[PDB]
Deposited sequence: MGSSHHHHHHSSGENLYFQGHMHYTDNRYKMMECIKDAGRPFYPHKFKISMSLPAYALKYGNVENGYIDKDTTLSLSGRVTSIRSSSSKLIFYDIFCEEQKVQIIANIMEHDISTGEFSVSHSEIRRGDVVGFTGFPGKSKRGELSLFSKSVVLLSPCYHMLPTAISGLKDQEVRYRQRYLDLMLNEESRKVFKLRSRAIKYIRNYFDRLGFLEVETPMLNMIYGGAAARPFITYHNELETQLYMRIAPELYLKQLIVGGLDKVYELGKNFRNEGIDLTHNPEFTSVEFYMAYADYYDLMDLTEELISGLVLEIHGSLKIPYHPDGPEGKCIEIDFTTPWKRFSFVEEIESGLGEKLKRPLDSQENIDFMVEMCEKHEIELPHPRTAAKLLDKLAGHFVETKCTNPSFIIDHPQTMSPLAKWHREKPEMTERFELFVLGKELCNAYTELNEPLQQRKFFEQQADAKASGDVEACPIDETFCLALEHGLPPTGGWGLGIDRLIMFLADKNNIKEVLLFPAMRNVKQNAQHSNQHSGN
(Lines of atoms letter the chains of each structure in order from A and count residues from 1; the text may use other names and numbers.)
(Lines give C-alpha, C1' and ligand atoms only; values in the text may rest on other atoms or scores of the structure.)
Protein backbone atom coordinates (compact mmCIF):
# COMPACT_ATOMS: atom_id res chain seq x y z
CA UNK A 1 0.00 0.00 0.00
CA UNK A 2 2.78 2.30 1.21
CA UNK A 3 5.03 1.30 -1.71
CA UNK A 4 2.39 2.33 -4.25
CA UNK A 5 1.51 5.63 -2.56
CA UNK A 6 5.19 6.48 -2.13
CA UNK A 7 6.01 5.71 -5.75
CA UNK A 8 3.22 8.08 -6.84
CA UNK A 9 4.72 10.75 -4.59
CA UNK A 10 8.22 10.09 -5.94
CA UNK A 11 6.95 10.49 -9.51
CA UNK A 12 5.14 13.76 -8.70
CA UNK A 13 8.44 14.99 -7.25
CA UNK A 14 10.35 14.01 -10.39
CA UNK A 15 7.68 15.83 -12.40
CA UNK A 16 7.93 18.97 -10.24
CA UNK A 17 11.74 18.92 -10.19
CA UNK A 18 11.86 19.21 -14.01
CA UNK A 19 13.32 15.70 -14.35
CA UNK A 20 12.33 13.24 -17.15
CA UNK A 21 8.70 12.28 -16.68
CA UNK A 22 7.34 9.54 -18.96
CA UNK A 23 9.39 10.28 -22.13
CA UNK A 24 7.32 9.90 -25.26
CA UNK A 25 9.93 8.20 -27.46
CA UNK A 26 13.03 6.15 -26.61
CA UNK A 27 14.90 5.08 -29.77
CA UNK A 28 16.54 1.68 -29.27
CA UNK A 29 19.57 0.76 -31.40
CA UNK A 30 18.43 -2.86 -31.50
CA UNK A 31 16.34 -5.38 -29.61
CA UNK A 32 17.87 -7.33 -26.70
CA UNK A 33 17.71 -10.60 -28.80
CA UNK A 34 19.60 -8.78 -31.57
CA UNK A 35 22.11 -7.45 -29.02
CA UNK A 36 22.72 -10.97 -27.76
CA UNK A 37 23.09 -12.38 -31.26
CA UNK A 38 25.64 -9.67 -32.06
CA UNK A 39 27.73 -9.61 -28.85
CA UNK A 40 26.98 -12.87 -27.00
CA UNK A 41 30.22 -14.55 -28.22
CA UNK A 42 32.74 -11.73 -27.69
CA UNK A 43 35.72 -12.43 -25.39
CA UNK A 44 35.48 -11.90 -21.65
CA UNK A 45 36.17 -8.25 -20.88
CA UNK A 46 35.55 -7.15 -24.49
CA UNK A 47 34.27 -3.59 -24.82
CA UNK A 48 33.74 -1.51 -27.94
CA UNK A 49 34.24 2.11 -26.86
CA UNK A 50 33.79 3.18 -30.49
CA UNK A 51 30.13 2.11 -30.61
CA UNK A 52 27.35 3.79 -28.58
CA UNK A 53 24.06 1.88 -28.38
CA UNK A 54 20.65 2.46 -26.72
CA UNK A 55 18.78 -0.50 -25.16
CA UNK A 56 15.61 -0.87 -23.13
CA UNK A 57 13.75 -3.42 -21.07
CA UNK A 58 12.19 -4.06 -17.67
CA UNK A 59 14.57 -4.03 -14.68
CA UNK A 60 14.66 -7.47 -13.05
CA UNK A 61 17.62 -6.74 -10.72
CA UNK A 62 19.49 -3.75 -9.21
CA UNK A 63 22.71 -4.20 -7.21
CA UNK A 64 24.88 -1.25 -6.16
CA UNK A 65 28.16 -3.03 -5.58
CA UNK A 66 30.07 0.11 -4.54
CA UNK A 67 29.60 3.86 -4.29
CA UNK A 68 30.88 3.98 -7.87
CA UNK A 69 29.24 1.01 -9.61
CA UNK A 70 25.67 -0.25 -10.11
CA UNK A 71 24.68 -3.48 -11.89
CA UNK A 72 21.27 -3.88 -13.48
CA UNK A 73 19.61 -6.73 -15.25
CA UNK A 74 17.05 -5.79 -17.89
CA UNK A 75 14.74 -8.17 -19.72
CA UNK A 76 12.99 -7.75 -23.05
CA UNK A 77 11.71 -10.12 -25.75
CA UNK A 78 12.96 -13.23 -23.87
CA UNK A 79 16.51 -11.91 -23.45
CA UNK A 80 18.36 -10.68 -20.34
CA UNK A 81 21.21 -8.14 -20.64
CA UNK A 82 23.32 -6.80 -17.77
CA UNK A 83 23.92 -3.06 -17.47
CA UNK A 84 27.16 -1.93 -15.76
CA UNK A 85 26.88 1.73 -14.66
CA UNK A 86 30.21 3.21 -13.52
CA UNK A 87 30.22 6.75 -12.13
CA UNK A 88 33.31 7.54 -14.25
CA UNK A 89 31.33 6.98 -17.52
CA UNK A 90 28.22 8.91 -16.43
CA UNK A 91 26.97 11.63 -18.75
CA UNK A 92 26.51 14.51 -16.34
CA UNK A 93 24.26 16.39 -18.80
CA UNK A 94 21.56 13.87 -17.76
CA UNK A 95 22.03 14.64 -14.06
CA UNK A 96 24.40 13.72 -11.27
CA UNK A 97 24.99 9.94 -11.24
CA UNK A 98 23.47 9.30 -7.79
CA UNK A 99 20.38 11.41 -8.66
CA UNK A 100 19.85 9.61 -12.01
CA UNK A 101 20.11 6.15 -10.47
CA UNK A 102 18.15 6.93 -7.29
CA UNK A 103 14.99 7.20 -9.40
CA UNK A 104 15.07 3.56 -10.60
CA UNK A 105 13.42 0.58 -8.95
CA UNK A 106 13.14 -3.11 -9.69
CA UNK A 107 10.27 -3.58 -12.18
CA UNK A 108 10.72 -0.23 -13.92
CA UNK A 109 10.83 0.03 -17.70
CA UNK A 110 14.06 1.87 -18.42
CA UNK A 111 16.37 2.87 -21.22
CA UNK A 112 20.20 2.94 -21.13
CA UNK A 113 22.89 4.16 -23.50
CA UNK A 114 26.46 2.84 -23.52
CA UNK A 115 29.22 0.74 -25.00
CA UNK A 116 28.71 -2.97 -25.80
CA UNK A 117 30.68 -5.92 -24.53
CA UNK A 118 31.14 -8.52 -21.85
CA UNK A 119 32.20 -8.22 -18.21
CA UNK A 120 35.44 -9.84 -17.03
CA UNK A 121 33.31 -12.62 -15.53
CA UNK A 122 31.75 -13.28 -18.97
CA UNK A 123 28.30 -11.63 -18.69
CA UNK A 124 26.83 -10.00 -21.78
CA UNK A 125 26.70 -6.33 -20.77
CA UNK A 126 26.24 -2.74 -21.73
CA UNK A 127 28.67 -0.31 -20.11
CA UNK A 128 26.32 2.57 -19.67
CA UNK A 129 26.69 6.35 -19.70
CA UNK A 130 23.01 7.25 -19.00
CA UNK A 131 19.74 5.88 -17.68
CA UNK A 132 16.19 7.06 -18.52
CA UNK A 133 13.14 6.09 -16.47
CA UNK A 134 10.50 5.33 -19.12
CA UNK A 135 7.63 3.78 -17.17
CA UNK A 136 7.88 3.04 -13.39
CA UNK A 137 6.29 0.08 -11.67
CA UNK A 138 4.22 1.21 -8.67
CA UNK A 139 4.00 -2.27 -7.07
CA UNK A 140 6.57 -4.52 -5.43
CA UNK A 141 6.67 -7.44 -7.84
CA UNK A 142 6.60 -11.07 -6.70
CA UNK A 143 9.91 -12.57 -7.75
CA UNK A 144 8.22 -15.55 -9.49
CA UNK A 145 4.71 -17.03 -9.78
CA UNK A 146 -4.14 -17.04 -4.59
CA UNK A 147 -3.00 -18.43 -7.96
CA UNK A 148 -6.11 -16.80 -9.53
CA UNK A 149 -3.77 -13.80 -9.94
CA UNK A 150 -2.18 -15.60 -12.95
CA UNK A 151 -5.53 -15.32 -14.78
CA UNK A 152 -7.04 -12.10 -13.39
CA UNK A 153 -3.74 -10.23 -13.87
CA UNK A 154 -2.28 -12.13 -16.78
CA UNK A 155 0.34 -9.48 -17.40
CA UNK A 156 2.02 -10.56 -14.11
CA UNK A 157 2.06 -14.16 -15.29
CA UNK A 158 3.56 -13.13 -18.62
CA UNK A 159 6.16 -10.88 -16.91
CA UNK A 160 7.34 -13.68 -14.59
CA UNK A 161 6.74 -17.02 -16.38
CA UNK A 162 8.58 -18.13 -19.50
CA UNK A 163 6.47 -21.30 -19.66
CA UNK A 164 3.28 -19.26 -19.99
CA UNK A 165 4.78 -17.07 -22.72
CA UNK A 166 5.75 -20.20 -24.68
CA UNK A 167 2.16 -21.49 -24.59
CA UNK A 168 0.87 -18.39 -26.43
CA UNK A 169 3.65 -18.69 -29.05
CA UNK A 170 2.73 -22.35 -29.55
CA UNK A 171 -0.91 -21.33 -29.93
CA UNK A 172 -0.10 -18.97 -32.80
CA UNK A 173 2.17 -21.55 -34.47
CA UNK A 174 -0.65 -24.09 -34.35
CA UNK A 175 -3.23 -21.68 -35.76
CA UNK A 176 -0.84 -20.67 -38.56
CA UNK A 177 -0.24 -24.36 -39.34
CA UNK A 178 -3.97 -24.99 -39.60
CA UNK A 179 -4.67 -22.00 -41.85
CA UNK A 180 -1.71 -23.03 -44.02
CA UNK A 181 -3.04 -26.58 -44.35
CA UNK A 182 -6.40 -25.41 -45.77
CA UNK A 183 -4.87 -22.56 -47.76
CA UNK A 184 -2.55 -24.96 -49.60
CA UNK A 185 -5.47 -27.30 -50.36
CA UNK A 186 -7.25 -24.45 -52.19
CA UNK A 187 -9.81 -23.59 -49.48
CA UNK A 188 -11.13 -20.02 -49.35
CA UNK A 189 -10.92 -18.43 -45.90
CA UNK A 190 -14.24 -16.73 -45.09
CA UNK A 191 -15.96 -14.79 -42.31
CA UNK A 192 -19.63 -15.31 -41.49
CA UNK A 193 -21.75 -13.47 -38.89
CA UNK A 194 -21.21 -13.84 -35.18
CA UNK A 195 -24.56 -12.05 -34.67
CA UNK A 196 -27.42 -14.21 -35.92
CA UNK A 197 -31.20 -13.47 -35.93
CA UNK A 198 -31.56 -17.30 -35.59
CA UNK A 199 -28.86 -19.43 -33.92
CA UNK A 200 -28.05 -22.95 -35.05
CA UNK A 201 -25.48 -25.52 -36.00
CA UNK A 202 -24.52 -26.99 -32.58
CA UNK A 203 -25.97 -28.48 -29.44
CA UNK A 204 -25.51 -25.41 -27.32
CA UNK A 205 -27.21 -22.65 -25.37
CA UNK A 206 -26.54 -19.19 -26.88
CA UNK A 207 -25.98 -15.70 -25.61
CA UNK A 208 -28.84 -13.35 -26.48
CA UNK A 209 -28.52 -9.63 -27.19
CA UNK A 210 -30.60 -6.91 -28.89
CA UNK A 211 -30.01 -4.46 -31.75
CA UNK A 212 -31.87 -1.22 -30.98
CA UNK A 213 -32.11 0.28 -34.49
CA UNK A 214 -33.00 -3.00 -36.25
CA UNK A 215 -35.49 -3.75 -33.43
CA UNK A 216 -34.53 -7.41 -33.18
CA UNK A 217 -32.91 -9.86 -30.80
CA UNK A 218 -29.64 -11.31 -32.03
CA UNK A 219 -27.82 -14.38 -30.84
CA UNK A 220 -24.10 -14.85 -30.59
CA UNK A 221 -23.24 -17.73 -32.89
CA UNK A 222 -22.79 -21.21 -31.52
CA UNK A 223 -21.35 -22.30 -34.91
CA UNK A 224 -20.84 -20.97 -38.47
CA UNK A 225 -22.15 -24.19 -40.05
CA UNK A 226 -25.42 -22.95 -41.54
CA UNK A 227 -23.78 -19.97 -43.23
CA UNK A 228 -20.82 -22.02 -44.47
CA UNK A 229 -23.07 -24.56 -46.17
CA UNK A 230 -24.78 -21.69 -48.02
CA UNK A 231 -21.38 -20.87 -49.51
CA UNK A 232 -21.20 -24.43 -50.92
CA UNK A 233 -24.66 -23.89 -52.46
CA UNK A 234 -23.04 -20.74 -53.80
CA UNK A 235 -20.40 -22.82 -55.64
CA UNK A 236 -17.30 -21.85 -53.61
CA UNK A 237 -16.54 -25.61 -53.30
CA UNK A 238 -14.03 -25.45 -50.41
CA UNK A 239 -14.43 -22.93 -47.56
CA UNK A 240 -13.10 -22.67 -44.03
CA UNK A 241 -13.60 -20.32 -41.13
CA UNK A 242 -11.33 -20.08 -38.12
CA UNK A 243 -12.53 -17.92 -35.23
CA UNK A 244 -14.69 -17.55 -32.16
CA UNK A 245 -17.82 -19.39 -31.14
CA UNK A 246 -19.84 -18.80 -27.97
CA UNK A 247 -21.59 -20.81 -25.26
CA UNK A 248 -23.88 -19.48 -22.53
CA UNK A 249 -23.01 -22.43 -20.36
CA UNK A 250 -20.97 -23.38 -17.35
CA UNK A 251 -17.17 -23.38 -17.27
CA UNK A 252 -14.75 -26.18 -16.41
CA UNK A 253 -11.29 -27.50 -17.31
CA UNK A 254 -12.30 -27.93 -20.99
CA UNK A 255 -15.10 -25.33 -21.42
CA UNK A 256 -14.90 -21.54 -21.70
CA UNK A 257 -17.76 -19.24 -22.85
CA UNK A 258 -15.85 -18.28 -25.96
CA UNK A 259 -13.48 -20.62 -27.80
CA UNK A 260 -11.68 -20.79 -31.14
CA UNK A 261 -12.76 -23.38 -33.71
CA UNK A 262 -12.04 -24.06 -37.33
CA UNK A 263 -14.86 -25.40 -39.50
CA UNK A 264 -14.57 -26.40 -43.13
CA UNK A 265 -17.03 -27.46 -45.83
CA UNK A 266 -15.81 -29.44 -48.85
CA UNK A 267 -17.98 -30.29 -51.84
CA UNK A 268 -17.89 -33.94 -52.87
CA UNK A 269 -16.36 -35.21 -49.59
CA UNK A 270 -18.11 -37.74 -47.36
CA UNK A 271 -17.36 -38.53 -43.70
CA UNK A 272 -14.84 -41.28 -44.64
CA UNK A 273 -12.85 -38.61 -46.51
CA UNK A 274 -13.19 -36.35 -43.46
CA UNK A 275 -11.77 -39.04 -41.10
CA UNK A 276 -8.71 -39.34 -43.38
CA UNK A 277 -8.24 -35.55 -43.51
CA UNK A 278 -8.58 -35.35 -39.69
CA UNK A 279 -5.84 -37.97 -39.21
CA UNK A 280 -3.59 -36.22 -41.75
CA UNK A 281 -4.03 -32.73 -40.33
CA UNK A 282 -3.72 -33.56 -36.64
CA UNK A 283 -0.92 -36.15 -36.97
CA UNK A 284 0.90 -33.54 -39.14
CA UNK A 285 0.55 -30.85 -36.48
CA UNK A 286 1.62 -33.21 -33.70
CA UNK A 287 4.72 -34.18 -35.71
CA UNK A 288 5.50 -30.52 -36.46
CA UNK A 289 5.51 -29.63 -32.75
CA UNK A 290 6.88 -32.81 -31.13
CA UNK A 291 8.89 -34.64 -33.88
CA UNK A 292 6.97 -37.91 -33.48
CA UNK A 293 3.41 -39.10 -32.96
CA UNK A 294 3.80 -40.32 -29.34
CA UNK A 295 3.65 -37.38 -26.94
CA UNK A 296 3.66 -36.78 -23.16
CA UNK A 297 0.64 -35.65 -21.23
CA UNK A 298 0.10 -34.87 -17.54
CA UNK A 299 -3.63 -35.44 -16.95
CA UNK A 300 -3.39 -34.38 -13.32
CA UNK A 301 -1.00 -31.46 -13.73
CA UNK A 302 2.82 -31.20 -13.76
CA UNK A 303 3.29 -32.78 -10.33
CA UNK A 304 1.18 -35.83 -11.33
CA UNK A 305 1.83 -38.85 -13.58
CA UNK A 306 3.00 -38.60 -17.18
CA UNK A 307 1.21 -40.73 -19.77
CA UNK A 308 1.85 -41.18 -23.47
CA UNK A 309 -0.74 -40.28 -26.13
CA UNK A 310 -0.28 -42.18 -29.38
CA UNK A 311 -1.43 -40.38 -32.57
CA UNK A 312 -0.21 -43.14 -34.93
CA UNK A 313 -2.80 -43.48 -37.71
CA UNK A 314 -5.26 -44.94 -38.47
CA UNK A 315 -7.16 -44.34 -35.24
CA UNK A 316 -9.66 -46.62 -33.55
CA UNK A 317 -13.29 -46.37 -34.58
CA UNK A 318 -16.06 -47.09 -32.11
CA UNK A 319 -19.62 -47.45 -33.40
CA UNK A 320 -21.92 -45.42 -31.17
CA UNK A 321 -24.87 -47.79 -30.69
CA UNK A 322 -22.84 -51.04 -30.75
CA UNK A 323 -20.48 -49.82 -28.02
CA UNK A 324 -23.35 -48.72 -25.79
CA UNK A 325 -24.96 -52.17 -26.32
CA UNK A 326 -21.65 -53.88 -25.45
CA UNK A 327 -21.59 -51.80 -22.25
CA UNK A 328 -25.22 -52.65 -21.39
CA UNK A 329 -24.93 -56.33 -22.29
CA UNK A 330 -28.14 -55.97 -24.33
CA UNK A 331 -29.67 -54.10 -27.22
CA UNK A 332 -31.31 -50.72 -27.23
CA UNK A 333 -34.98 -50.77 -28.29
CA UNK A 334 -35.92 -49.89 -31.84
CA UNK A 335 -36.82 -47.37 -33.06
CA UNK A 336 -34.30 -45.50 -30.93
CA UNK A 337 -36.66 -42.51 -30.53
CA UNK A 338 -39.61 -44.64 -29.43
CA UNK A 339 -41.12 -44.24 -26.00
CA UNK A 340 -40.13 -47.88 -25.39
CA UNK A 341 -36.48 -46.99 -25.98
CA UNK A 342 -36.72 -43.79 -23.90
CA UNK A 343 -38.09 -45.76 -20.98
CA UNK A 344 -35.42 -48.48 -21.41
CA UNK A 345 -32.68 -45.84 -21.47
CA UNK A 346 -34.01 -44.18 -18.31
CA UNK A 347 -34.10 -47.59 -16.64
CA UNK A 348 -30.53 -48.23 -17.74
CA UNK A 349 -29.41 -44.85 -16.34
CA UNK A 350 -30.82 -45.86 -12.93
CA UNK A 351 -29.23 -49.33 -13.16
CA UNK A 352 -25.82 -47.97 -14.10
CA UNK A 353 -25.86 -44.83 -11.91
CA UNK A 354 -25.81 -42.45 -14.88
CA UNK A 355 -27.04 -38.94 -14.27
CA UNK A 356 -30.19 -38.24 -16.30
CA UNK A 357 -30.47 -35.38 -18.81
CA UNK A 358 -33.28 -32.88 -18.66
CA UNK A 359 -35.57 -33.10 -20.57
CA UNK A 360 -35.44 -36.85 -21.17
CA UNK A 361 -35.34 -36.83 -24.98
CA UNK A 362 -34.08 -39.92 -26.81
CA UNK A 363 -31.13 -37.85 -28.08
CA UNK A 364 -30.10 -36.62 -24.63
CA UNK A 365 -30.41 -40.07 -23.14
CA UNK A 366 -28.30 -41.56 -25.95
CA UNK A 367 -25.67 -38.89 -25.24
CA UNK A 368 -25.47 -39.69 -21.50
CA UNK A 369 -25.12 -43.42 -22.35
CA UNK A 370 -22.34 -42.65 -24.85
CA UNK A 371 -20.61 -40.45 -22.26
CA UNK A 372 -20.55 -43.29 -19.77
CA UNK A 373 -19.87 -46.32 -22.00
CA UNK A 374 -18.01 -45.03 -25.03
CA UNK A 375 -16.24 -41.72 -24.48
CA UNK A 376 -14.53 -43.36 -21.47
CA UNK A 377 -12.81 -45.80 -23.88
CA UNK A 378 -11.25 -42.96 -25.85
CA UNK A 379 -7.76 -42.50 -24.47
CA UNK A 380 -5.66 -42.32 -27.60
CA UNK A 381 -7.39 -40.39 -30.50
CA UNK A 382 -10.51 -42.37 -31.32
CA UNK A 383 -13.49 -41.78 -33.59
CA UNK A 384 -16.99 -42.38 -32.25
CA UNK A 385 -19.03 -42.97 -35.39
CA UNK A 386 -22.49 -43.46 -36.84
CA UNK A 387 -24.53 -41.40 -34.37
CA UNK A 388 -28.32 -41.83 -34.33
CA UNK A 389 -30.27 -39.41 -36.53
CA UNK A 390 -32.36 -38.34 -33.52
CA UNK A 391 -29.24 -36.67 -32.00
CA UNK A 392 -27.78 -35.47 -35.34
CA UNK A 393 -30.27 -33.08 -37.03
CA UNK A 394 -27.84 -31.80 -39.69
CA UNK A 395 -26.10 -35.11 -40.50
CA UNK A 396 -27.02 -37.16 -43.58
CA UNK A 397 -28.70 -40.53 -43.04
CA UNK A 398 -26.26 -43.43 -43.09
CA UNK A 399 -26.05 -45.13 -46.48
CA UNK A 400 -26.06 -48.62 -44.80
CA UNK A 401 -27.32 -48.30 -41.24
CA UNK A 402 -31.00 -47.66 -40.40
CA UNK A 403 -31.63 -44.78 -38.01
CA UNK A 404 -27.93 -43.73 -38.04
CA UNK A 405 -26.01 -40.93 -39.75
CA UNK A 406 -22.64 -40.43 -41.38
CA UNK A 407 -21.18 -38.65 -38.41
CA UNK A 408 -18.13 -38.85 -36.25
CA UNK A 409 -16.67 -37.21 -33.18
CA UNK A 410 -12.97 -37.31 -32.37
CA UNK A 411 -12.08 -37.83 -28.71
CA UNK A 412 -8.70 -37.64 -27.01
CA UNK A 413 -8.53 -38.64 -23.31
CA UNK A 414 -12.34 -38.56 -23.28
CA UNK A 415 -12.48 -34.94 -24.52
CA UNK A 416 -14.26 -33.90 -27.73
CA UNK A 417 -11.90 -32.38 -30.33
CA UNK A 418 -13.92 -32.73 -33.56
CA UNK A 419 -17.46 -33.16 -34.84
CA UNK A 420 -18.07 -33.90 -38.54
CA UNK A 421 -20.49 -35.49 -40.97
CA UNK A 422 -21.65 -36.09 -44.50
CA UNK A 423 -23.93 -33.03 -44.69
CA UNK A 424 -27.69 -33.44 -44.90
CA UNK A 425 -28.65 -31.98 -48.28
CA UNK A 426 -32.27 -33.20 -48.59
CA UNK A 427 -34.66 -30.32 -47.70
CA UNK A 428 -37.76 -32.34 -46.75
CA UNK A 429 -35.96 -34.30 -44.03
CA UNK A 430 -33.95 -31.30 -42.96
CA UNK A 431 -37.15 -29.38 -42.27
CA UNK A 432 -38.60 -32.33 -40.35
CA UNK A 433 -35.51 -32.55 -38.16
CA UNK A 434 -35.59 -28.80 -37.53
CA UNK A 435 -39.25 -29.17 -36.43
CA UNK A 436 -38.18 -31.93 -34.01
CA UNK A 437 -35.43 -29.66 -32.64
CA UNK A 438 -37.86 -26.75 -32.16
CA UNK A 439 -40.20 -29.18 -30.40
CA UNK A 440 -37.37 -30.24 -28.11
CA UNK A 441 -36.48 -26.59 -27.40
CA UNK A 442 -40.14 -25.91 -26.52
CA UNK A 443 -40.03 -28.89 -24.11
CA UNK A 444 -37.05 -27.30 -22.26
CA UNK A 445 -34.00 -28.55 -24.18
CA UNK A 446 -31.68 -25.52 -23.92
CA UNK A 447 -29.31 -27.05 -26.44
CA UNK A 448 -31.92 -27.51 -29.21
CA UNK A 449 -32.08 -24.88 -31.97
CA UNK A 450 -35.04 -23.08 -33.63
CA UNK A 451 -36.08 -23.68 -37.24
CA UNK A 452 -34.04 -21.62 -39.74
CA UNK A 453 -36.17 -21.04 -42.81
CA UNK A 454 -33.35 -19.14 -44.54
CA UNK A 455 -31.26 -22.34 -44.39
CA UNK A 456 -34.07 -24.61 -45.66
CA UNK A 457 -34.55 -22.21 -48.60
CA UNK A 458 -30.79 -22.44 -49.30
CA UNK A 459 -31.08 -26.26 -49.37
CA UNK A 460 -33.90 -25.92 -51.91
CA UNK A 461 -31.35 -24.33 -54.28
CA UNK A 462 -29.22 -27.52 -54.17
CA UNK A 463 -26.42 -28.24 -51.72
CA UNK A 464 -23.93 -30.53 -53.52
CA UNK A 465 -22.93 -33.74 -51.67
CA UNK A 466 -20.61 -32.20 -49.09
CA UNK A 467 -18.54 -33.11 -46.03
CA UNK A 468 -18.19 -30.68 -43.11
CA UNK A 469 -16.13 -30.63 -39.97
CA UNK A 470 -15.16 -28.62 -36.90
CA UNK A 471 -12.18 -28.69 -34.54
CA UNK A 472 -11.86 -27.11 -31.07
CA UNK A 473 -8.43 -25.59 -31.43
CA UNK A 474 -8.03 -24.62 -27.76
CA UNK A 475 -8.59 -28.21 -26.64
CA UNK A 476 -6.07 -29.42 -29.23
CA UNK A 477 -3.55 -26.86 -27.90
CA UNK A 478 -4.08 -28.27 -24.38
CA UNK A 479 -2.81 -31.63 -25.68
CA UNK A 480 -0.03 -30.12 -27.82
CA UNK A 481 1.23 -27.89 -24.96
CA UNK A 482 0.54 -30.43 -22.18
CA UNK A 483 -1.99 -28.45 -20.14
CA UNK A 484 -4.97 -29.93 -18.32
CA UNK A 485 -6.82 -26.62 -17.76
CA UNK A 486 -8.29 -24.40 -20.50
CA UNK A 487 -7.23 -21.36 -18.44
CA UNK A 488 -3.59 -22.10 -19.31
CA UNK A 489 -4.09 -21.73 -23.07
CA UNK A 490 -6.34 -18.59 -23.14
CA UNK A 491 -4.86 -15.21 -22.41
CA UNK A 492 -7.89 -13.94 -20.50
CA UNK A 493 -10.05 -16.95 -19.52
CA UNK A 494 -13.48 -16.58 -17.93
CA UNK A 495 -13.40 -16.55 -14.10
CA UNK A 496 -16.33 -17.01 -11.66
Stretches of the record's deposited sequence for which the structure holds no C-alpha atoms: 1 to 21, 167 to 170, 522 to 536
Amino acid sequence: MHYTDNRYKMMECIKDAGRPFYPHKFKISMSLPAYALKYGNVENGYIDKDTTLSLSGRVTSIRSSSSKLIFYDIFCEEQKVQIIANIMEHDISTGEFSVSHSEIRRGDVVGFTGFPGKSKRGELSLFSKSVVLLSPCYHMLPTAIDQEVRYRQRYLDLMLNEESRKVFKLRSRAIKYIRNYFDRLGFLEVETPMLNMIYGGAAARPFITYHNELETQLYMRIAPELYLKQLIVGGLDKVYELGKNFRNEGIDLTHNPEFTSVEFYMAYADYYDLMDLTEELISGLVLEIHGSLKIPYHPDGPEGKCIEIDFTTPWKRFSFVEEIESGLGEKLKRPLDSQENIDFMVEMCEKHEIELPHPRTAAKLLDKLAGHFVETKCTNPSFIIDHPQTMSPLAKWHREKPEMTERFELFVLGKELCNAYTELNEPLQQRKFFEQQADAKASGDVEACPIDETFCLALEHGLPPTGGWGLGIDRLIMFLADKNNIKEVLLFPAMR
From here on, numbers count along this sequence of modelled residues.
Stretch with the greater mean C-alpha B-factor as recorded in the entry, comparing 160 to 168 against 377 to 385: 160 to 168
Mean temperature factor over C-alpha atoms, higher-scoring stretch between 469 to 477 and 14 to 22: 14 to 22
Top Cα B factor in the deposited entry, candidates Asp91, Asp310, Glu258, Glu279: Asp91
Selection from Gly243, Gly114, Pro357, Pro136 [criterion: highest C-alpha temperature factor in the record]: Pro357
Compare the C-alpha B factor of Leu55 with those of the other modelled residues in its chain, then answer lowest, middle or highest third. lowest
Please place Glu409 in the lowest, middle or highest third of its chain by C-alpha B factor as given in the entry. lowest
Lowest, middle or highest third: where is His352 by Cα B-factor in its chain? highest
State the tercile, meaning the lowest, middle or highest third, of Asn248 with respect to the CA B-factors recorded for its chain. lowest
For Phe207, return the chain-relative third of its C-alpha B-factor as stated in the PDB record: lowest, middle or highest. lowest
